[PDB]
Each structure stands twice: as C-alpha cells, then as structure tokens.
Amino acid sequence: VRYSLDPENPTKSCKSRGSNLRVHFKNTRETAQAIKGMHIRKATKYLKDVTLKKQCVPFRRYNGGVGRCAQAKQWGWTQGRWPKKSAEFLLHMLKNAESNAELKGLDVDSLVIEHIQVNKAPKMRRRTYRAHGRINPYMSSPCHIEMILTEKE
Amino acid sequence: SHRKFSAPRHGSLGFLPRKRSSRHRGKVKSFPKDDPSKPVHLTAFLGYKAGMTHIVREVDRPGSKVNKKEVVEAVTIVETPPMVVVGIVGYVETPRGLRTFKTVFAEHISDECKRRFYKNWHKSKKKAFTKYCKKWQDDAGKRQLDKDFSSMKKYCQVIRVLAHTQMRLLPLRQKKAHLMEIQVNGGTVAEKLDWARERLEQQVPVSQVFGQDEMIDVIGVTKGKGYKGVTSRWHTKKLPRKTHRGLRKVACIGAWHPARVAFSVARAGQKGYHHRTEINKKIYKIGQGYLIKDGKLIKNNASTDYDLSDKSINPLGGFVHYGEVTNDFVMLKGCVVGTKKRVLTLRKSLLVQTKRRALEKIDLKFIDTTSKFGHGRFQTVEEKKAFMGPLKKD
Amino acid sequence: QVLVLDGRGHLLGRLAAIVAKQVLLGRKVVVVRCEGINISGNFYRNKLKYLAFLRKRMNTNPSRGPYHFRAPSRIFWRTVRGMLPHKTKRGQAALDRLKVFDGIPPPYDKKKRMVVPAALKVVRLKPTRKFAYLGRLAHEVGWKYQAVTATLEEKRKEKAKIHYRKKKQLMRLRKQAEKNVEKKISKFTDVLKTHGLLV
RNA sequence: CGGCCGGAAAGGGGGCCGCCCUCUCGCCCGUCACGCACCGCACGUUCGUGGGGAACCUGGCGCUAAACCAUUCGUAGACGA
RNA sequence: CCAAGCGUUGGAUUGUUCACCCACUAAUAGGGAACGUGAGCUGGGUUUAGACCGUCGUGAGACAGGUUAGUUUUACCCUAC
RNA sequence: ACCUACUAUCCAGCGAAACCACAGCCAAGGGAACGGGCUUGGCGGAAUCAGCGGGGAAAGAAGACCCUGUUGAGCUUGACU
RNA sequence: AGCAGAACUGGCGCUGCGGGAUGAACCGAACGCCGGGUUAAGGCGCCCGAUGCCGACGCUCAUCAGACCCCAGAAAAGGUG
C-alpha cells in the first residue's frame, strides 16, 4: 500500500509490512531503532540473542522506570531490556521480507535495512475493576510495523 | 519552637559522603614529612588481614591498678609478604599543588605486577612493557635512562617508589598484585634517588620498614554491608510500636522555611565499604615466615620466651575464611578495618609519639592458637592427640 | 595584543574595574603576580571581611553554596566576575579572555609586564594609611602555596638578574660603539636631532 | 647540514662549534632602462603551508593491540556498579 | 569582658504549655525555624453525631461547667536529600 | 540485634488511575504584607535507577467552624394567622 | 499601627514612559508610526549609556565606617579620637 518512505531504487529494494500486530508499541519502537542500521543476517542473529538474553535492547525514549543492565554498555547506554514478543513478531517479518527479496531476484546475503517505522495501531478495549465499584480502562497497545530493505555491497 | 531536651546529633559529619569507595586498595592521603638528617627509609607498606586471636603479656605501666599483671588483648594478624620494587616516580612541586615529574620502571617486570595493567588477562596477549624493556639493551637507551635520572636529581622535591605485593606466596584466589606509591623519606634528593635505583627489582621485607612497639596507621576499606536504613547506618532512635508508616525511620526530618531538606539529616543509603584511616596501632610482634633450613622447615611463629612451643600462629584448621599464614606477618593490637582477605595499608605515624602508652615495650607470654572455627579447646594438634588418645580410625 | 599586567602594588578594586572594561572590549588581559595585589585598609579589617564572607554558605547543601576561592589569582578572578555581566553569553565569553596567575609562569617570565598607574597604591592612597597584602591574606585564610610561590618567585629573581646584568653589558658595548664612530654617523645623527629624537 | 648544551611553575626549532656552494648581490645614496599606464571609486594589504574533514599524491620509516558482553569469583551487591 | 566551640539528665503527678517534688550532675540556661515538625507517629484534650451529673430556660435546648466512647485517606508526579 | 514467609528489586508477558496555567536549584529585598518566575547576587552539564517524606502555602470536596442573605428545613412554645 | 474617621488639592483606580536595585500612590513627564537634535528627574569606577575633567576647598579611620526624598531602622548620655 502507501508506504511512508519511497526507496531510492525500487529495483534493488524489497518491502514488508505488518498491520494490527498485538505487541507493545513502546518495546517495538526501542528495538526498531537498534535494528535499523545492521545487516540482515546480523539482524537475525541479534534478534535471537535478545530472546536468549545474550544481547539487550537499549531503551532510549520510553525508559521511565526501566531497569539498567550490564549489556547496555555496548550501545553506549545504561538501561537495557530483552523484549521477547517484540523481537519475535519482527523476526518473522524479515523472514517475510527475505521471501520477498528472493521472489524479486535480489541477493539475500547483502541486504541492508535502511528504513523501519512503528506506528500506533487502534487500541483494543478491555477493563479492570477497582475500589468502590469503579471500572478503569485496560487499553491494549498494538502497533503497525513496516520496513524496506535494499541491496548494497 | 526549640527542641525540648538537648541531645547530640547522630553520626559524625566528617565522614559524611557515605558512598562506596572508588578505590579498593587503601590510599595514603598524607605521607609522613621528611627531614634530611634521617637516613633513607620506607614509610608505608601493604598487607592483608588474616584473622584475630588472644595474647598474654606483662603490663609495665607505673601507677596503675593493672601494673605487673597478666592481661589478654585482641590482636590482628596481617600476613605481609615482601614486596618487589618495579619502578620509581619523581614529583616536581608547583604553586598549583604537587605534580608528578617522570616515572621510571624496571627493565623486566614480574608477571604478578603485569596482572594489574589488564582488565582481562585471559584474552590479552600480555604485550605490556614489551617495547619499554627494549630500552635497556641499546647504548642510546642507557644514556636516556641516566638523563632521566639526572633530571630528577635537579627538579624533583618528593620521590616515591613503586612497589607491588607478591600474590604467589599468598593462599588467596586472586593473582593480581596491587601497585602502590610509597614515599621515601630520608636525606637529600641525590642520595635518595641513588638508594631507590639500587633497590630496583629487589625484595623489600617488612623489617626494613617497621619495627616492634611502634605506632603505625592502618588505612583500608570498610566491610561492605549494602543498602541500609537510618537505624543501622546512623543509629537513630526506633519509633514506638504504634506508628502507622513504620518505626525504623527518622520521624521529623526538617522544618518548613528550611524549604530544602538539609545535608546534615540522617537518610538511608549505602552502609559500609567506606575508606577509613585508623591511627595509633601498636605492633606487638613482627613475625617470621616459614623457612626451611637443614631439611626441615621452621614454623615456631607462636613461640614466646615462656611458651617455647614450636606451634605457628595458624590455628587448628587454619584461619577462618582466609587460609594459612606462611609468610612473615605483623601483629597489631586491636581490631582493624576491613574483612578477611582485605588489602590493608600500613603507614608510619604522622605525629611525634612521646607517651607512656606508645613507648611501652611488649613481652609476649602466650599466643592463643586454638581453633577459631567454633569453640576450640586445644592449642596444637599433638596436644589434642595426647588428651583424646587413640581413636576408632587407628 | 595581549595585556600582561603585573599585579604588585595594584589595588584590588581599581585594577579589577579597569581590567573588566578592557576585557569586555575584546582585549585578552593576563594578570600576573596576584599575590602582590594589596587592598586599602588595615589587615584586620580585610580578614573579617573575608572571614564573614566564608560564613555565607548554603545551609541545606554547602556544596551548592558560594565557592569561596582561596588563591590570590582566583580571589582577583572573583572580583572581576562580579564586575561583569557573567549571566549573559557575552559576559562568559569575556571571562575566557581573562587569565590570572600566582607568581609568574614561564610563559610570562621572559616578557615585559605592563603597569596601570591609575590602579596603584602609591598614587591613590595617602602615605599615612594602612594596606593589606592579598598574598598574606590568602595564606592566612586557607591558601597553602604562599611559601611555595615565594621560593619559585625567588628562583626567577636572580635568573632575570643574570639576563639584566648581561643586558647592561650588551648595551654598554652599544653606547661605547657611538663613541668611536661619530665622524661617519653625524650625517644621520644631525637629521635625527633636527626632528627631535636624540636631543 | 649535523651534533653540542642551556629549559620543569603550565618547559624553545635559543645559542655555539665546523660543512663542500653563495657574494661585497645584502643595505644607504646617486645614473640607465623595464614592469597592463586596466582609462577617479568597496570588502585592498598579513597572521596563512591558520584549525578541522573527506578524498585523491608520491615514496620512505614503521606496529601487528585493547575494552566490553558471556562465564566465574563474593573481600561486593536492589538492578547496575 | 571575649566567648554559642562543646554539653545542659533520669523519674512521681497532670493531655498538658507552664508548674512542683525526688535523685544525679560541671550545669541540669533561655529561645526561633507557618507559636519547627499529623501524605513522620499518637488521638490523651479541645471540637460533631450516643449518653450521665450540676446550673438556667415552660419548652425545644445552652453552658472557655465536669465524665464517658467516639474511621487520622493518598506519593507511582516535580524539586530537595 | 538476629532468623523465616509474602512483598518491595530485576527480568518473560500483560498493564491503569489521581493530578496536570507553564513548569520546577537557592539567599535577601519588595510585592496582595511567607516567590519557581520580578530585582540584586549565589550559580547552572545529557539520560537515569532504588529509597525518601522538607517543599510544591501537594491531591480529595464551590469550609460543615464565623458572618450575610429580607434563602430554607427538623423541633418547641406564653410568637402571628 | 501598612489602624479607624474628616477638610482642600493632586494622583492610583482607568496610566503606559525615564529615574529611585524592585515596587499601584514618590520625582519628572503623560502615549498615533518614525529620523535628526535637545532636555526634565536622575545620574557619569565596572555591571551600565555618561567625568579616562592634570576638577576646586576642607572633614573623616571605624577590630559594627559611610554612601541620595519616599524608604525601610534608633535615642538620652559619654569620649585627653
């Protein structure tokens, strides 16, 4: 559909997009910035280390009350975290994006992601029960993820 | 209004920044001042806490109720292996303070000292001082070394020496030696520099630095205790049982128009692991390490003039959580700062010791070498064998 | 292009008021020998003037309070800072042009030091009045490098004497040089006297 | 061009010894001749091989390292450290 | 006179501020910081609603007149430490 | 002072609410008579974590304590009808 | 009493501007948008425009000096300073 950014060369570029994915927006954006510049096979290896708590995701913007860890010093930061569902949903997406590149006849082992964008999806409606017979909202925070890879030696 | 009944404040404000120490090794903040009349000597040494035990001695203080009586005193055991001098440092003196002038190391440095220059010894190639040790076998290098030494003859006012401890002789798990600048106090600069040049790559035993019945200073880091409240760190009054939001707190912190909470009020935080400097510690005995002559070793470190028993200061089963003391040691009256295996800085006194307490000689009568791993009741292993007799396993 | 002002015999407020105006005019001013700065009034007056200044500190956190500088150079730097709009961008850019030193640094020992006659004790003070040295005042309130600076300032005193005595002998040969050569330099000499340069 | 020393408070390409080539050319007075004489007009004239950054040059001289994560330790510790 | 550097207590009674007494002590000085200090504590008393007694009021009720029992909420926001 | 359980700590997952003129370092002065903003000074350094209750005359509810209203209700009587 | 109540006139309320560090009432002066010049009250060591006048005449030493109406603090008395 109407992507947010046009690639500099559509022949050497492939796209992927995920809409209304039930995953937290704040954890998705933080791992979207750390995944932006690396190579695709470097991208997949880094995401598996997040699941196994070997490499952390540096929380930069949405970091109020986030605990700090020793693995954030590799990113020049203090606060780190290892989101599982956040890395898992965008692990299938490069798998989806890898399939789009081979269908287009692009070289897999030299793809470099340049653009990745996380947008807020419409919030689901649940509720919680509080004191004195009060009901408070229980807003879910899904988000839209779309990225574009490009061939580069 | 005013406080109803006056009471002194809790905790001194001279040790106010109760943070974790940025250093682990004790630091000499003020070295003893020097006069050219005295010969060149060392002023500081670095030891490790082993354990504590009893002592028996005669008191020879006139005019007391305890004169010519036998007492017991708590004494610390600090295992003090000799150092290896690896370098010297000169200090030019500036109107902005004291500034280092030039640092000159040895030709070859032992690998115990090379541990300090690496965060990870396993992954490193151990390439430190490899090109610096090439300066000692070229004729331009020796002339540059003498030019560096001649430069320190002219301009340097204070000369310290770089010496490190010996982890190979200690039973500790770590192998990383601790470097330390020790100020050399003595005659003029020229003979001071020549003495330290000769002492390069040489063993420095404890007996050169300190002596018996001498006031020394102990510098070290406090035992760690973690995050603690005001009741443990500052020793404040416990609130009554009827308090709603808790009772191990500080009730009234500050006044209103003092709109900021003051720096002098007791707050919770880190307790322990504070750098400290204890003064006026008495050396009852400078011991001797294990040494082998005529085939068998000599271990009568706990022998006195009246005990004459060949037992060592190591108790039955060894020192708790430290190991066995095999090198020479110093015996300091009273408890010292730091836990077991803690690095301790020994330093000569900054004050002129002319008192009845500081000039009293000590004659040890009995050293308690019983097991500290519980309620021990035997000095030596063979004494227990003579009392227990044969066992089932014999 | 750089003003090297010797601080000996200069009044604290009169020198600071002239330096602050020159510094704000884009001129780099280096004030040297700040221990020679002296203040009108008896010594016991200025001590409690500085001792009561020491008492003024923040009650709740003295680390955020007034930074009481004890060096003579930083004391003079403090009184210039109060004579400048240091809360603005141009005030802080001015203070970068000021450079104070106790004693005389080796960058500035072999240089001619300028003297402000308007900011001088001998000019602005009566001979019967009393004055207080800032160098004595600083060490008496917490400065630790008075005897330190005195020996290093003593070291360069005969070192410049060697240069000066060589300088006199160097130009003694110069003044004696004309004494042999008036017969062939009178053509250039008289035209330098008609225009008023050697008369 | 090589050394030699003098510098430590925040340290100079400072001086001296000899070099194979250089001219009384250096500078001041006076002769000869030349130099876009851009036809009245502005940021001209230096410190300026100024600082920094990529890329291009030519060769010589060289060096083949550490930190962090992981794990372990527990003299430490809420997590980090 | 200089002098606030350092100290100015444990208890019987009363909610008490104040006050008195016992004992020790070098002394048991006077005070401020929203008559310091309730998202630090207590609810003993003032000062709700239930009651008892004395005085006054025909009465409902009143009493700087006594007695009794009477819910003491919230920091996860910013600053300060 | 020490020990145990559940928390509080961190992490996998899920995840609000009160509150919010702008937002938040102080001394003195004046001011609508106790300033985070104004004046003069002291000064000031990213992003944060665990506590903490000094301040924000903190949050809760158009003060019920006092007074006015030609606004009312429950009750009493020797008030009027 | 920065309290309450009166008489004349002027101000603030309704009003900005320069000055008095700041300021409802003080001093000067009231306002369309600008350029040049000149002043009022205030000032001319720095902040901060202006004395960087070869300013005049004297007084005053404070170990609590003094510094500009409103106005922000002082008395009787004493001094062989």
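FYI, residue positions are counted from 1 along the chain as it appears here.
Quick reminder: no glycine exception, Cβ is built from N, Cα and C everywhere.
Sequence annotations record features per position, and here Swiss-Prot assigns phosphoserine to B:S12, B:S303 based on similarity to another entry. Here Swiss-Prot flags B:17-30 as compositional bias 'Basic residues'. Marked as SUMO2 cross-link by Swiss-Prot: B:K38, B:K223, B:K225, B:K285, B:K365, B:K385, B:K392. The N6-acetyllysine annotation in Swiss-Prot covers B:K135, B:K285, B:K293, B:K365, B:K372 and rests on similarity to another entry. What Swiss-Prot records for B:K293 is SUMO1 cross-link.
On the structure: features taken from Swiss-Prot.
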{"residue": "B:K38", "record": "SUMO2 cross-link", "DSSP class": "coil"}
{"residue": "B:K135", "record": "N6-acetyllysine", "DSSP class": "helix"}
{"residue": "B:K225", "record": "SUMO2 cross-link", "DSSP class": "strand"}
{"residue": "B:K285", "record": "SUMO2 cross-link", "DSSP class": "strand"}
{"residue": "B:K293", "record": "SUMO1 cross-link", "DSSP class": "strand"}
{"residue": "B:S303", "record": "phosphoserine", "DSSP class": "coil"}
{"residue": "B:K365", "record": "SUMO2 cross-link", "DSSP class": "strand"}
{"residue": "B:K372", "record": "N6-acetyllysine", "DSSP class": "coil"}
{"residue": "B:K385", "record": "SUMO2 cross-link", "DSSP class": "helix"}
{"residue": "B:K392", "record": "SUMO2 cross-link", "DSSP class": "coil"}
Using a 10 Å cut-off, grab the number of neighbouring Cβ atoms around the Cβ of B:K392 (SUMO2 cross-link), all chains included.
4
How long is the line from the C-alpha of B:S303 (phosphoserine) to the C-alpha of B:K135 (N6-acetyllysine), rounded to the nearest angstrom?
49
Of the recorded positions listed as B:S12, B:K38, B:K223, B:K293, B:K392, the one whose CA lies nearest the CA of B:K365 (SUMO2 cross-link):
B:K293
Measuring Cα to Cα, how many Å separate B:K135 (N6-acetyllysine) from B:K392 (SUMO2 cross-link)?
67
For the recorded sites B:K38, B:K225, which Cβ has the most other Cβ atoms within 10 Å, all shown protein chains included?
B:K225
Can you figure out which of B:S12, B:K38, B:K293, B:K372 (the recorded positions) comes closest in space to B:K385 (SUMO2 cross-link), comparing Cα atoms?
B:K372
Count the Cβ atoms, other than its own, that fall within 10 Å of the Cβ of B:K372 (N6-acetyllysine), considering every protein chain shown.
18
Which one of these modified residues has the most other Cβ atoms within 10 Å of its own Cβ: B:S12, B:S303?
B:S303
Rounded to the nearest Å - Cα separation of B:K392 (SUMO2 cross-link) and B:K225 (SUMO2 cross-link):
45
Chain-internal residues, separated by at least six, CB under 8 A from B:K293 (SUMO1 cross-link):
none
Compare the Cα of B:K285 (SUMO2 cross-link) against each of the recorded positions B:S12, B:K38, B:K223, B:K372 and report the nearest.
B:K372
